[PDB]
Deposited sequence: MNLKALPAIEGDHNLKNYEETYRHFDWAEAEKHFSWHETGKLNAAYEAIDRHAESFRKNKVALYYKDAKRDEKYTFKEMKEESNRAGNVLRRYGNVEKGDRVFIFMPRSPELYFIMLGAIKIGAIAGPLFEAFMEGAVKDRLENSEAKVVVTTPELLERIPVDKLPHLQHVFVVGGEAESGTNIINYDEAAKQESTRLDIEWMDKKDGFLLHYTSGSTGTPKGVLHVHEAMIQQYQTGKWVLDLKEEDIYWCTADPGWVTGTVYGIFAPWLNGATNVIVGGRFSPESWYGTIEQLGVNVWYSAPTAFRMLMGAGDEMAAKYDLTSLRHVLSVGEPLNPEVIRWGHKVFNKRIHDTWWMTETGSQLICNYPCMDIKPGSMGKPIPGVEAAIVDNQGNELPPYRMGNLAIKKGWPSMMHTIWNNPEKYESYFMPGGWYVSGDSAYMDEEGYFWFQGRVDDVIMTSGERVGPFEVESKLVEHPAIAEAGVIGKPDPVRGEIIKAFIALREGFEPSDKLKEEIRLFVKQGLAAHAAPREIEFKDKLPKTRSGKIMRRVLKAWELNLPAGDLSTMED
């Protein structure tokens, strides 16, 4: 692994070391209007501050999909969000601290609704359409949300009669029958005015709700505070490298947390240009978007990048991708292979950023102003003390496994787990170390750190005793993952422990040291489809 050298330019974080040594949140708060005025709101500082600044006539939203190619600026986005907040207050009977839930696919109306809900102080909680009736019903039951905005294709997936606390259901587009609790958005926005009397919030009250599918089977509602906005801006200044001329495209859905803060709030707190691509995924559409829109800053996920590589680099060569300037990946530890492919195609580097729902906004990030280690997330942002702790809360020297913890006190926190202070207090550890539940470790420099089955599979067949096999990666706490293989022996060969080691050594001598299987199991036959294909998802599900 060879560290990617930085590129000289007019960055925003000129020197990371000097800032990390001499950064205070007071100067960061000085960048915000409430430091001088005292009136604070995250949505205000994400939209209205720039809609009143010189960025008023700057493209804020680049919406493209299979049908629409609409464009919105900061003034128009402010007007739309204000209209959504007005309609939510007037029709949804929503007040301070309430819960408003979002059930929409990628569209401008989604961002308008969520920004309007946050502006009036209602805690906004997004949802994903892939959820069945059970998941959405459970989420509204736990949240006791008064309002849920939906789409006609998903109106039938919400049990309005079942939920007692649910009061209003909004539908967007189409022709949905206006029931007792079913109000259509489009007209409600149509006659409603724009100007919104924004309600001003304290430092310690919530503005975002987000439900994560927990290990217990029931989701939990993370409630972030408006103070988190502070951190967002600074991250949107430093890791995201938004200059005044950058076109920023976040590919995450707004139903998730990542598409809610760094696809909505972080870019616009800096007054940048968000890009949203609706419709179905298609590499032609994505590459054409990057080409004709001239995307400079990219924020995507390793899954989408991997699908883009699966498309083929020739399709990328069919378009012009030299307009890219800055690439970032969230949602999963970036693979070095994706990094190499991105550098080869776009001639730009990708930077993995780490955070989760309980975190609020990204903490440990690869930085354009420092050498990039592709396998590392990066270093904590200045003013935030991230480290590695054991089960006792004591700090640990680098280069050793441990539980990643954050020094409690940073502006981007959950104000609560909604109606669950027990899960609150379970999240934090003695000593003021918030625990995120992830495994990570640092190195000497200060960066933080969290296999093709076929080459083993092709190696296996060379034995005269086995006809076919299947290899999966069993998770490991020391080596990350260990190689496990299920072997169906040929006729005349019987399973035993003596021949198990013979497989390991033959793979060891013929392949890499880490390519040797660590666990071997024997089967009469592997799971195979009717045609004869071998699937491994069933194998790892069984394991």
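Of the deposited sequence, the ranges 1-2, 453-466, 560-572 have no C-alpha coordinates according to the record.
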